[PDB]
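Trainee: how would this look folded up:
(2 chains)
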Amino acid sequence: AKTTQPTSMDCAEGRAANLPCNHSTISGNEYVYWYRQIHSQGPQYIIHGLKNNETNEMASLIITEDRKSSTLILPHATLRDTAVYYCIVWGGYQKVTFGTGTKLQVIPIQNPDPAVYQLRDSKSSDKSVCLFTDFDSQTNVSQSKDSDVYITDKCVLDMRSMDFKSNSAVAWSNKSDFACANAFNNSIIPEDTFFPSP
Amino acid sequence: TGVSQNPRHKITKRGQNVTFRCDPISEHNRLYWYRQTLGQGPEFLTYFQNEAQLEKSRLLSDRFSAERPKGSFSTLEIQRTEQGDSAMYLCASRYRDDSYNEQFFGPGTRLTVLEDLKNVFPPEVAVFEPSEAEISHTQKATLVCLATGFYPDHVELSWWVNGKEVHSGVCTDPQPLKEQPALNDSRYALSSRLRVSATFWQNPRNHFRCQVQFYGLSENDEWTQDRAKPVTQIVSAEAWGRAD
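Mentor: Numbering: from 1, shown residues only, chains lettered A, B, ... in the order given. There you are, the coordinates:
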C-alpha cells in the first residue's frame, strides 16, 4: 500500500543483489519487512525492522535516515535466490497489505556453446523434443506465435558437481512441418548456433 | 514453517460449499487470511486478534465466513462457490500485536472451482533421452521430462536418480504453458531438464525417473466419464542409461 518496488530486476550471480523499496510516507512507528515467495508457495519472511540497519543468516537490511527508502541485501546471489520479494510496512494493530513486488532473477555468466538438439522419447519413440541449450544469458528465447508449437521460457541449471551453469529452452509440436532446424528460428538465436545433422 | 493448513488443495463444482482450516503456531495471538492468484501478491481477506475478528475486506462476499472460536485454529467457509473464487488461500499467524514478531505463513490451500469436473485431467509424463550429438559435442547429456496435458495446474515435478530426489543438474519451467491458449479450460504442459555427464548417462546401471504429483479430485467426488477418475496421484516416466 505504502510501498513501491520494481516489478522485476536482473542481478548477477553471485555478487550481492540489492532490492530497492520506496516508502516516502512511512511513520514513525512502522517497521519495514521483506518477504520472499517461490513458486505459488507460502511467502517466507526474510528480515525487518525500524530505522536503522539489520542482519541475519539470510540477508541484510539498510533503511535510510530519511526513512523514505530501504534496501534488501542478499549477499551472494545464487540461482536458488530467484523469486518474488515483497517489501511491506506495518506498525501494529492494523492489517498487513502486500503489493506486487519484485521478481528477482539471478543471471549466471557463461563461456558459451549454443546448440539445438533433438531428444527422443524413452518408450516409444517419436514423440520427440527440441532442446536449445548452452547459449549465453543475453540470448532470449521467444514464445512461438504458432499455437500448435510450444516453446518454453529459458531455464538455468547448475551442475554443482562440476561448477557449471547452463541455459536451455525446450520446444515441441505435433505438426509434420515442425522440426528442430525451424523450432527456434522464430527467436533470434546467435549466428554460431550448432545444428547437428547426422 | 510452522503454521499448517487443511487441505492443501480442493477442486469443487460451482454449487458446492467448501471449508478450509488453518492451525497457527502455538499461542500466536494473531491470525491472517489472504487469497492469491497467479502472478499477483496476496490480497487481504480478514484477520483476527484473539477470537475477535477485526477487519474483513470489502473483497469477501457474504458467501465467505471466517471463524476462530478459541483464538486458536481458524476456519474459512466459502458457500455456493464461484469460478472467480479459484485461488490460493493463505494463512498467516503472529505471536503478539508486536512489530518485533513476524508473520509466519502456512503452505496455503489451493482452491479451483469448475463449470464441471470432466475438465479435470491428470498429466501424462514422458522422459526424453539425450541426443548423441550433445554427448559427442559437450560430453554432457540432457534428459527432458514433459508433463502434459493436465488440469487444473497443481502439479509438482521431481527427478529421481538411483532412488533419491536430485536438485543438482535440474531445471523446471517456472510456470506451465497452455496447450490451447485459446480456451477457458485450456489444459497445461510443463517441461523439466536433468543434465548429467556423458559417461554417467552411458552406464546402464543408472536409473532416471520423472515424477509428477497431481492434485485432482477426491475418491469421494461424483464421477461420471469412462476414463479413470482423475484423482490426486503421481504419474511417472523412467529411463535407464544407454550402454551405447
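
Trainee: make it CA atoms for all contacts and neighbour counts henceforth
Mentor: Will do.

Trainee: which residues pair with the residue nearest the centre of chain A across the strands?
Mentor: Residue closest to the average C-alpha location in chain A (Cα atoms, centre = their mean): residue A:105, at 3.0 Å. Residue A:105 has these beta-bridge partners by DSSP bridges: residue A:10.

Trainee: Wait, it touches residue A:7, no?
Mentor: No: counting by Cα atoms under 8 Å, residue A:105 stays clear of residue A:7, with 11.4 Å between them.

Trainee: Domain map for chain A?
Mentor: Taking curated CATH domains as the reference, chain A has its domains at A:1-108, A:109-198.

Trainee: ends of the first one, how far apart?
Mentor: Taking Cα to Cα, to the nearest Å, the span from the opening residue of domain A:1-108 to its closing residue is 33 Å.

Trainee: check contacts around residue A:53.
Mentor: Residues in contact with residue A:53 (Cα atoms under 8 Å, 6 or more residues apart in numbering or on different chains) are A:60, A:61, A:62, A:63.

Trainee: Is the second one located within a strand, as I assumed?
Mentor: This points to residue A:61. Yes: Residue A:61 forms part of a strand when assessed by DSSP: H, G, I helix; E, B strand; the rest coil.

Trainee: Show me which of the contacts of residue A:53 are buried.
Mentor: Buried by 16 or more other Cα atoms under 10 Å in any protein chain shown: A:60, A:61, A:62, A:63, out of the contacts of residue A:53.

Trainee: quick one: the second one and residue B:56, what's the gap?
Mentor: Distance of residue A:61 to residue B:56, given as Cα to Cα: 32 Å.

Trainee: do the same with residue B:227
Mentor: From residue B:227 to residue B:56 the distance is 43 Å (Cα to Cα).

Trainee: Which one of the two is surrounded by more residues?
Mentor: residue B:56 (18 against 9; other Cα atoms under 10 Å in any protein chain shown).

Trainee: hang on, that one packs against residue B:34?
Mentor: No: applying Cα under 8 Å, one finds residue B:56 not in contact with residue B:34, separated by 10.6 Å.

Trainee: tell me, what's touching those two both at once?
Mentor: With Cα under 8 Å, 6+ apart, residue B:56 and residue B:34 have common neighbours B:45, B:46.

Trainee: and residue A:80, that one's in a helix?
Mentor: Yes: using three-state DSSP, the assignment for residue A:80 is a helix.

Trainee: Return the distance of it relative to residue A:13.
Mentor: For residue A:80 relative to residue A:13 (Cα to Cα), the value is 10 Å.

Trainee: So which of those two has more stuff around it?
Mentor: Legend: neighbour count by other Cα under 10 Å for residue A:80 and residue A:13, higher for residue A:13 (17 against 9).

Trainee: was I right about the more buried one contacting residue A:78?
Mentor: Yes: with contacts counted by Cα under 8 Å, residue A:13 reaches residue A:78, the gap being 5.6 Å.

Trainee: what about the residue nearest to residue B:66 when sequence neighbours are not counted, how many residues close to it?
Mentor: Excluding the flanking residues, the one nearest residue B:66 by Cα to Cα, 6 or more residues apart in numbering or on different chains is residue B:76, at 4.3 Å. Using other Cα under 10 Å, residue B:76 is surrounded by 19 other residues.

Trainee: Just the CA coordinates for the helix or strand hosting residue B:76, please, in PDB.
Mentor: Taking DSSP states H and E as the criterion, residue B:76 maps to strand B:74-78. Extracted in PDB, the C-alpha atoms of strand B:74-78 (Å, rounded to 0.1, in the frame of the first residue of the first chain):
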ATOM      1  CA  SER B  74      -9.400 -20.700  12.200                       C
ATOM      2  CA  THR B  75     -11.800 -22.000   9.600                       C
ATOM      3  CA  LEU B  76     -12.800 -20.300   6.300                       C
ATOM      4  CA  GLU B  77     -16.100 -21.300   4.800                       C
ATOM      5  CA  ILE B  78     -17.000 -20.400   1.200                       C
END
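
Trainee: domains in chain B, as residue ranges please.
Mentor: Split by curated CATH domains, chain B gives B:1-115, B:116-244.

Trainee: for those, which one sits closest to residue A:173?
Mentor: Closest to residue A:173 of these, according to Cα to Cα: domain B:116-244, at 10.2 Å.

Trainee: Return the distance of the closest one from the chain's centre.
Mentor: 15 Å (Cα atoms, centre = their mean, to the nearest Å).

Trainee: and it with chain A, contact?
Mentor: Yes: for domain B:116-244 and chain A, the contact criterion (Cα under 8 Å from any Cα of the partner chain) is met by B:126-131, B:133-134, B:143-144, B:168-174, B:177, B:179-181, B:191, B:195-196, B:238-239.

Trainee: Can you tell me the element residue 34 falls in?
Mentor: Reading this off chain A. Assigning secondary structure by DSSP H and E places residue A:34 in strand A:31-37.

Trainee: actually it's chain B I care about, not the one you picked
Mentor: strand B:30-36.

Trainee: and that strand, what other elements does it pack with?
Mentor: Identification of packing neighbours for strand B:30-36 by 3 or more Cα pairs under 8 Å, 6 or more residues apart in numbering or on different chains; DSSP states H and E yields strand B:43-49, strand B:87-94.

Trainee: if you set the cut-off to 10 Å instead, what comes out?
Mentor: Where contact means 3 or more Cα pairs under 10 Å, 6 or more residues apart in numbering or on different chains; DSSP states H and E, strand B:30-36 is packed against strand B:18-23, strand B:43-49, strand B:52-56, strand B:74-78, strand B:87-94, strand B:104-105, strand B:109-114.

Trainee: Relative to the following helix or strand past the third one, what are the paired strands and their orientations?
Mentor: If I follow you right, that is strand B:52-56. Sequence order places strand B:64-67 as the next helix or strand after strand B:52-56, per DSSP H and E. When sheet partners are counted by DSSP bridges, strand B:64-67 sits next to strand B:74-78 (antiparallel).

Trainee: ok and the partner strand relative to strand B:18-23, angle-wise?
Mentor: Here strand B:74-78 points in a direction 160 degrees away from that of strand B:18-23 (axes from the mean of the first three to the mean of the last three Cα atoms, to 10 degrees).
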